[PDB]
Amino acid sequence: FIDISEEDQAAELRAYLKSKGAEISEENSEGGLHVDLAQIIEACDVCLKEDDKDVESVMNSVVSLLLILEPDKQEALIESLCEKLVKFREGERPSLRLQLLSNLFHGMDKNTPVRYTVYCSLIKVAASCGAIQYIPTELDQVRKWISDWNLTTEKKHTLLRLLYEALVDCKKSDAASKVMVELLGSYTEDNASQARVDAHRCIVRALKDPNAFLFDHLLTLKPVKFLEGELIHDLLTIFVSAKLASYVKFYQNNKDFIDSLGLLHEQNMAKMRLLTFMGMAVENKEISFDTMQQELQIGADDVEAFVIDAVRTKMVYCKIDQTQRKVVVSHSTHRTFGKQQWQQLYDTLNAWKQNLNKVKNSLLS
Amino acid sequence: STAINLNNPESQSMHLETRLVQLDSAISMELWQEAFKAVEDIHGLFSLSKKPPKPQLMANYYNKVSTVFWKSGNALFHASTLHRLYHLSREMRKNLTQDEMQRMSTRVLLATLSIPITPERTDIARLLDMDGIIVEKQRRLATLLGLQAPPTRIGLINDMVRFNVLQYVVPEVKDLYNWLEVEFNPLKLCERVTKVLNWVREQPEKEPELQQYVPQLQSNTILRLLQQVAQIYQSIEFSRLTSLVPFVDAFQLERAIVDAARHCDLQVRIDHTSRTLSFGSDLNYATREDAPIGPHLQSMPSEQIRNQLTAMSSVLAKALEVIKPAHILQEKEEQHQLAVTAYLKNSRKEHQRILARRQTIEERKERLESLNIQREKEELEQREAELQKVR
Amino acid sequence: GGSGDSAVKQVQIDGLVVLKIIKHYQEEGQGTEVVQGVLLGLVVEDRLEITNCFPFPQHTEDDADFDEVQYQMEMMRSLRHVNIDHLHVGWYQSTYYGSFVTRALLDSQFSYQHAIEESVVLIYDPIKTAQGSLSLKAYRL
Amino acid sequence: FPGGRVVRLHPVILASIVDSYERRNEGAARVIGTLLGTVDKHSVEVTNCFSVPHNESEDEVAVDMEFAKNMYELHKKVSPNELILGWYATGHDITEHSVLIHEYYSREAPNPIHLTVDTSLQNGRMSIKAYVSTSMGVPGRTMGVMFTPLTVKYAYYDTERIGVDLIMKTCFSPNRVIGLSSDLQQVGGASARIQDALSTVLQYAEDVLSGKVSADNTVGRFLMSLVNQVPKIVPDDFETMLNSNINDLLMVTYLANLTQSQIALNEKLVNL
């Protein structure tokens, strides 16, 4: 290799490095240049001819990364070179070839050909390692500009689907999924049918993970309100069992699918976190020793240990008086309109705490 | 006499000699000042004998000292010296080369113990008189051990377990700290740890060194549990409290709680007519409950109200709600942005004048203000030679 | 005219000074009062303006011991070459326990003030006094 | 993944860059200096810096690296944390002088950290644009310049960005040092007032037609948490304990004025 600050002659400088590469690359260096000082011809060469089997030609790749984009197509030639990275399946040095040209530098972003390409690459090319770094700046740039071109949001949905599949961490997969599902019903693939198939997998994730607690997150914003539950998805069949306090519900409502895999253990875990909450928070702070125990239909020192499970959830949390005030504040489970009306209360409640008290504070100082 | 310089032979010889002699000597006839003098001498030698890299024996002496220490001093500084010897076993290993797993096991064991043992010191003498004259000496001990400050706690363990320490550790014990440090949960902890306790407390192949460090570390685990449950519960009957905690006797343990309570590590009304305990939501909020200058456990404080809590909460907790969601804020700030652009826009005009003006200030300020402070200092000559002319 | 008595005006401490003070905030001199730097400035409209400081470090192991002035001389040339000149018109010890002007600080000040009567002595008091009031305590002799 | 990917400055860095620009150092439009700090393997901790006598002339650059030895020797005693890292300068982005202050820094010979502080009015111009060359193969001409994307942050210390926030709201308007706590008080209830504005808008969204997803279980969960903090739960035992705490605090604040009075009285008889 020789430096980029050697005179350009963009084609010939990028091609003098092909001469240091393979002999196949060299005869298509000479042949590439002697025909014409050339575009696509010269520009596809490193990108398709072998970078033999050792990827220290990151250096001449870097020289290709800035000099293909502007003299010809960026959008087609960025997608070339990236086939190669996924072919060799050594990813750390290809990650430098993706890093150098990530986005917002060396020409123009182009508004998601490059952001699709270079992120489609770095999920596959690298492990989780490289894949992590792009997710903030990607989801930032998604908010700074969403693709008005439909199909590229279907692509950025595909990349979030590659993301949740390349992830084998459940909660990051749940996160990447319920960002993808969030952006799903919001815009693009809605287009009903494309979202209906996804709705099944959402019911898998929401049931299978009881830290996507029952239905709390789905009541917060859009997903249930687009993806039907009284369809044969059976999404609201969770919202059934979520308030109605028994193993009986889910087991009688079966998809024999999800019964097997599945949801078996989490049926009792449902009963726990709903009866503890809808016990506590609709009292609305203090239920007794025996009330909780006969709600949950279980022992005494077991409900002590389950108070600790609820304290490790932080659905309930304070110092707990022993034979009364079993559970108190730190609310986290759904109470849909009870939470709305209490919000509707709150501006009127706050009206003194903001005027009356400040009329004493600001006066005093 | 001896032309000192690079003759480590006789040097090292005499050194090790006196060392072993002094060490055992003191740690034999129940002497201690002698041992102290010996250590001081060795330190002095190292100071005046630090010109050479470092030969063997080093590890030997280190281990010896750490051991001899163990008890006298707290297992804190002792455990620190133990970890030091452990680190020495690494260097000596790369140079010593010791192919033995049992060795590593024993090492890790010694490390642990010397670590979990005491979570706080009872400075009665200090709390009485003011006040040392009793801290710089600790600093000196630290220096001796090779440290510059005072060791810390199971912190220490984090320290010497940043290395591959979760691994070599022999699994008699691997799954005992996976309770103490890792696993929750107050109402199961004393239960959970009973078995790895019974495991290690068989002493003869696991270094009997360890199993005298164990009873204090058992009480330290109890001490860890006792601090938590003041935030988990607000009261508890003593009869319930007995069943929560597997232990030898209640009559023993209550006094060890009342001890800890008297030494202000927690606040409890364990003694009480009914024989029931009250932790209390705040009552009077103080650092007596909190353990006043150091936790020994996972951070799980419940909410309490202290001066400037509700003040500074109402400042910032309400602020955040108007920052994170808002349709009213970002427009205002985009027009604050516009007043910020305007000020840099006013500025770049002023900068172009300050490029002329402050240039003329800067260069002249080297001359003029120097010439002014010249006359300030040169006046002392004018004070002197003028007053000489008077008389 | 808010200007001071008989050789000097007030002080103004530019924000980029106080940034450089809170870099050697309260360490390198915690339990020991260490003069953490000299205040270098210039005479401005009705005030001095401390526009830059450079810190003065010392042998802070756990006691403070004065060192060679090879530091200060080379560092005040280091200021002079890219910026202004050695124009030390005060100094700042942060340092130890909410603002307190010790007898030693009065004596070190007396040597400083009589030598250059364009001076204040700063005591930069952060969160230690519960922050709290009079974070920048000026005081000339 | 490869090395550096982000930088974490501090407002002391921009203080020391805006220092040497405005003092002047013949800063018509260009002032350079050597940044100091340390790195942690993918992040840079730039922690303080100071300029070197520079002269960027259009085909002649002067980096007296000997001074950045002196300043480094000095700044090492100042705080042990700092390392010679690269070079910083003002705008504009990549020039022939990037190639030249490369070479002068390649005599130190770690990887360089090129900072470019553009000073333009526009908000579409990033404040400081961190760069580090790739290829950078170097047996070629002088040094290839194809810079990697890096972005900037602030981070070294809390009370010094409390120090920058103190200058932010002085930039707003002074904000002198006397009434700090009282300024934190009267912007206290202001937050609750602008909260009263926003909670109205979130209620009013539902009141007009429909809305309030926006506070259904987003702000509804924020506010339950808010009232679980400030104030606490609502018996009257709380209220009396709160009163007893004020009666104690007031008795202590009283005793502080009792001690001021006796600080006086002993100071007075000696003066008599």
# chains A, B, ... in the order shown; residues from 1 in each chain; ligands from 1

$ closest_atom_pairs --of "chain D" --to "chain C" --cutoff "10 Å" --atoms "only C-alpha atoms" --output "CSV"
residue,atom,partner,partner_atom,distance
D:10,CA,C:19,CA,9.8
D:11,CA,C:19,CA,7.6
D:12,CA,C:19,CA,5.8
D:13,CA,C:19,CA,9.5
D:14,CA,C:16,CA,9.0
D:15,CA,C:16,CA,5.3
D:16,CA,C:16,CA,7.5
D:18,CA,C:16,CA,8.7
D:19,CA,C:16,CA,7.5
D:20,CA,C:83,CA,6.5
D:21,CA,C:83,CA,9.2
D:22,CA,C:83,CA,9.1
D:23,CA,C:83,CA,5.6
D:24,CA,C:83,CA,6.4
D:25,CA,C:82,CA,5.2
D:26,CA,C:82,CA,8.7
D:31,CA,C:82,CA,9.7
D:33,CA,C:82,CA,9.7
D:47,CA,C:23,CA,8.5
D:48,CA,C:23,CA,8.1
D:50,CA,C:79,CA,9.2
D:51,CA,C:82,CA,6.8
D:52,CA,C:82,CA,6.7
D:53,CA,C:82,CA,5.6
D:54,CA,C:82,CA,8.4
D:67,CA,C:78,CA,8.0
D:68,CA,C:78,CA,9.7
D:70,CA,C:74,CA,7.9
D:71,CA,C:78,CA,7.1
D:73,CA,C:71,CA,9.2
D:74,CA,C:71,CA,6.4
D:75,CA,C:55,CA,9.1
D:76,CA,C:57,CA,9.9
D:77,CA,C:57,CA,6.6
D:78,CA,C:57,CA,5.3
D:79,CA,C:24,CA,8.0
D:156,CA,C:23,CA,8.7
D:157,CA,C:23,CA,7.9
D:158,CA,C:22,CA,9.4
D:159,CA,C:22,CA,7.0
D:160,CA,C:22,CA,5.2
D:161,CA,C:19,CA,8.3
D:162,CA,C:22,CA,9.5
D:163,CA,C:19,CA,6.3
D:164,CA,C:19,CA,7.1
D:166,CA,C:15,CA,8.7
D:167,CA,C:15,CA,6.2
D:168,CA,C:15,CA,9.7
D:170,CA,C:15,CA,9.0
D:171,CA,C:15,CA,9.8
D:176,CA,C:134,CA,9.5
D:177,CA,C:134,CA,5.9
D:178,CA,C:134,CA,5.6
D:179,CA,C:133,CA,7.0
D:180,CA,C:133,CA,6.8
D:181,CA,C:132,CA,6.5
D:182,CA,C:132,CA,9.7

$ select_by_dssp --residues "region 127-370 of chain B" --states "helix (DSSP H, G or I)" --output "PyMOL selection string"
chain B and resi 127-128+136-145+154-159+165-168+174-182+186-192+194-200+208-232+238-244+250-262+309-323+329-370

$ atom_distance --atom1 "CA of residue 190 (chain D)" --atom2 "CA of residue 347 (chain A)"
14.4 Å

$ residues_around --residues "residue 41 (chain C)" --least-positions-apart "4" --cutoff "6 Å" --atoms "only C-alpha atoms" --output "ChimeraX atom specification"
/C:49-51,87

$ write_last_selection --atoms "N, CA and C atoms" --output "CSV table (one decimal), in the first residue's frame"
chain,number,residue,atom,x,y,z
C,49,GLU,N,-9.8,41.9,35.3
C,49,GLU,CA,-10.4,40.7,34.7
C,49,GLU,C,-9.4,39.7,34.7
C,50,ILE,N,-9.5,38.7,35.6
C,50,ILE,CA,-8.8,37.4,35.5
C,50,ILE,C,-9.3,36.7,34.3
C,51,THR,N,-8.4,36.6,33.2
C,51,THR,CA,-8.9,36.0,32.0
C,51,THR,C,-8.3,34.6,31.9
C,87,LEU,N,1.2,38.0,34.9
C,87,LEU,CA,0.4,39.1,35.3
C,87,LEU,C,-0.4,38.7,36.5

$ residues_around --residues "residue 94 (chain C)" --least-positions-apart "2" --cutoff "7 Å" --atoms "only C-alpha atoms" --output "mmCIF file with N, CA and C atoms, in the first residue's frame"
data_model
loop_
_atom_site.group_PDB
_atom_site.id
_atom_site.type_symbol
_atom_site.label_atom_id
_atom_site.label_comp_id
_atom_site.auth_asym_id
_atom_site.auth_seq_id
_atom_site.Cartn_x
_atom_site.Cartn_y
_atom_site.Cartn_z
ATOM 1 N N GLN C 26 -10.806 20.004 44.204
ATOM 2 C CA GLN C 26 -10.855 19.865 45.634
ATOM 3 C C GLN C 26 -10.000 18.683 45.997
ATOM 4 N N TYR C 92 -5.625 31.595 44.222
ATOM 5 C CA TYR C 92 -6.755 30.833 44.674
ATOM 6 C C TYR C 92 -6.209 29.600 45.320
ATOM 7 N N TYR C 96 -10.300 23.114 51.325
ATOM 8 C CA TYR C 96 -10.530 22.600 52.655
ATOM 9 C C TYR C 96 -11.487 23.492 53.397
ATOM 10 N N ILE C 123 -11.088 32.442 47.214
ATOM 11 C CA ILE C 123 -11.338 31.238 47.952
ATOM 12 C C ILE C 123 -12.562 30.694 47.276
ATOM 13 N N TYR C 124 -12.310 29.697 46.387
ATOM 14 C CA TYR C 124 -13.272 29.043 45.542
ATOM 15 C C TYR C 124 -13.865 27.893 46.315
ATOM 16 N N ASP C 125 -15.167 27.998 46.630
ATOM 17 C CA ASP C 125 -15.826 27.169 47.592
ATOM 18 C C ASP C 125 -16.921 26.468 46.801
#

$ atom_distance --atom1 "CA of residue 43 (chain B)" --atom2 "CA of residue 29 (chain B)"
22.8 Å

$ closest_atom_pairs --of "chain D" --to "chain B" --cutoff "6 Å" --atoms "only C-alpha atoms" --output "Markdown table"
| residue | atom | partner | partner_atom | distance |
| --- | --- | --- | --- | --- |
| D:121 | CA | B:344 | CA | 5.8 |
| D:188 | CA | B:315 | CA | 4.1 |
| D:191 | CA | B:319 | CA | 5.1 |
| D:192 | CA | B:318 | CA | 5.9 |
| D:195 | CA | B:322 | CA | 5.9 |
| D:230 | CA | B:310 | CA | 5.3 |

$ write_last_selection --atoms "N, CA, C and O atoms" --output "CSV table (one decimal), in the first residue's frame"
chain,number,residue,atom,x,y,z
D,121,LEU,N,-21.5,30.8,12.6
D,121,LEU,CA,-22.7,31.2,13.3
D,121,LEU,C,-23.8,30.1,13.3
D,121,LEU,O,-24.5,30.0,14.3
D,188,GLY,N,-37.7,26.6,40.8
D,188,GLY,CA,-38.3,25.4,41.3
D,188,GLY,C,-39.8,25.3,41.0
D,188,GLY,O,-40.2,24.5,40.2
D,191,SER,N,-40.9,25.3,37.3
D,191,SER,CA,-41.0,24.0,36.7
D,191,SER,C,-42.3,23.4,36.9
D,191,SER,O,-42.9,22.9,36.0
D,192,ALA,N,-42.9,23.6,38.2
D,192,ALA,CA,-44.2,23.2,38.5
D,192,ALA,C,-45.3,24.0,37.8
D,192,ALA,O,-46.4,23.6,37.6
D,195,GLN,N,-45.0,22.9,34.2
D,195,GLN,CA,-45.7,21.6,34.3
D,195,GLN,C,-47.2,21.8,34.3
D,195,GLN,O,-47.9,21.0,33.6
D,230,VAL,N,-42.4,13.1,46.0
D,230,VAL,CA,-42.5,14.5,46.5
D,230,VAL,C,-43.9,14.9,46.4
D,230,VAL,O,-44.4,15.0,45.3

$ residues_around --residues "residue 181 (chain B)" --least-positions-apart "5" --cutoff "9 Å" --atoms "only C-alpha atoms" --output "PyMOL selection string"
chain B and resi 154+176+297-298

$ write_last_selection --atoms "N, CA, C and O atoms" --output "PDB file, in the first residue's frame"
ATOM      1  N   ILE B 154     -14.937  -5.961  50.702  1.00  0.00           N
ATOM      2  CA  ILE B 154     -15.315  -6.838  49.599  1.00  0.00           C
ATOM      3  C   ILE B 154     -15.170  -6.131  48.256  1.00  0.00           C
ATOM      4  O   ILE B 154     -15.070  -6.775  47.212  1.00  0.00           O
ATOM      5  N   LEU B 176     -20.805 -20.037  46.999  1.00  0.00           N
ATOM      6  CA  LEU B 176     -21.091 -19.493  48.358  1.00  0.00           C
ATOM      7  C   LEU B 176     -21.177 -17.961  48.310  1.00  0.00           C
ATOM      8  O   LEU B 176     -22.029 -17.403  49.026  1.00  0.00           O
ATOM      9  N   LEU B 297     -23.691  -3.918  51.623  1.00  0.00           N
ATOM     10  CA  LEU B 297     -24.730  -4.685  50.978  1.00  0.00           C
ATOM     11  C   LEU B 297     -25.152  -3.958  49.743  1.00  0.00           C
ATOM     12  O   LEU B 297     -24.725  -2.827  49.504  1.00  0.00           O
ATOM     13  N   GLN B 298     -26.032  -4.606  48.932  1.00  0.00           N
ATOM     14  CA  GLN B 298     -26.614  -4.044  47.734  1.00  0.00           C
ATOM     15  C   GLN B 298     -27.429  -2.827  48.076  1.00  0.00           C
ATOM     16  O   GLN B 298     -28.130  -2.811  49.087  1.00  0.00           O
TER      17      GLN B 298
END

$ interface_residues --of "chain C" --to "chain B" --cutoff "10 Å" --atoms "only C-alpha atoms" --output "tab-separated table (two decimals) with C-alpha atoms, in the first residue's frame"
chain	number	residue	atom	x	y	z
C	41	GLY	CA	-5.44	39.03	34.73
C	42	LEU	CA	-5.44	42.61	33.53
C	43	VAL	CA	-6.93	46.00	34.49
C	44	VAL	CA	-10.34	46.42	32.78
C	61	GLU	CA	1.45	13.03	48.84
C	62	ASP	CA	-0.54	13.66	52.01
C	80	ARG	CA	3.51	34.47	27.80
C	83	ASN	CA	-1.11	34.42	25.34
C	84	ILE	CA	-0.33	37.48	27.42
C	85	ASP	CA	2.36	37.75	30.12
C	86	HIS	CA	3.00	36.85	33.77
C	87	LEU	CA	0.41	39.12	35.32
C	114	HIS	CA	2.65	44.53	49.77
C	115	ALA	CA	4.68	43.32	46.75
C	116	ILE	CA	1.92	43.85	44.16
C	117	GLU	CA	-0.96	46.00	45.39
C	118	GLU	CA	-3.04	45.00	42.37

$ residues_around --residues "residue 104 (chain D)" --least-positions-apart "6" --cutoff "9 Å" --atoms "only C-alpha atoms" --output "NGL selection string"
:D and (62-65)

$ interface_residues --of "chain A" --to "chain B" --cutoff "6 Å" --atoms "only C-alpha atoms" --output "PDB file with C-alpha atoms, in the first residue's frame"
ATOM      1  CA  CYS A 318     -41.320   0.827  50.707  1.00  0.00           C
ATOM      2  CA  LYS A 319     -40.755  -0.413  54.252  1.00  0.00           C
ATOM      3  CA  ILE A 320     -43.478  -3.017  54.794  1.00  0.00           C
ATOM      4  CA  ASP A 321     -45.334  -3.193  58.104  1.00  0.00           C
ATOM      5  CA  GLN A 322     -45.687  -6.813  59.057  1.00  0.00           C
TER       6      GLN A 322
END

$ residues_around --residues "region 216-223 of chain A" --least-positions-apart "3" --cutoff "12 Å" --atoms "only C-alpha atoms" --output "VMD selection string"
(chain A and resid 174 to 175 177 to 187 190 195 to 196 198 to 199 202 to 203 206 210 to 213 226 to 229 235 to 236 238 to 239 242 to 243 273 to 274 331 to 337 339 to 340) or (chain D and resid 211 to 221)

$ interface_residues --of "chain A" --to "chain D" --cutoff "6 Å" --atoms "only C-alpha atoms" --output "ChimeraX atom specification"
/A:2-6,59,92,100,130,220,339-340,343,347,354,358,362

$ atom_distance --atom1 "CA of residue 40 (chain C)" --atom2 "CA of residue 122 (chain C)"
12.0 Å
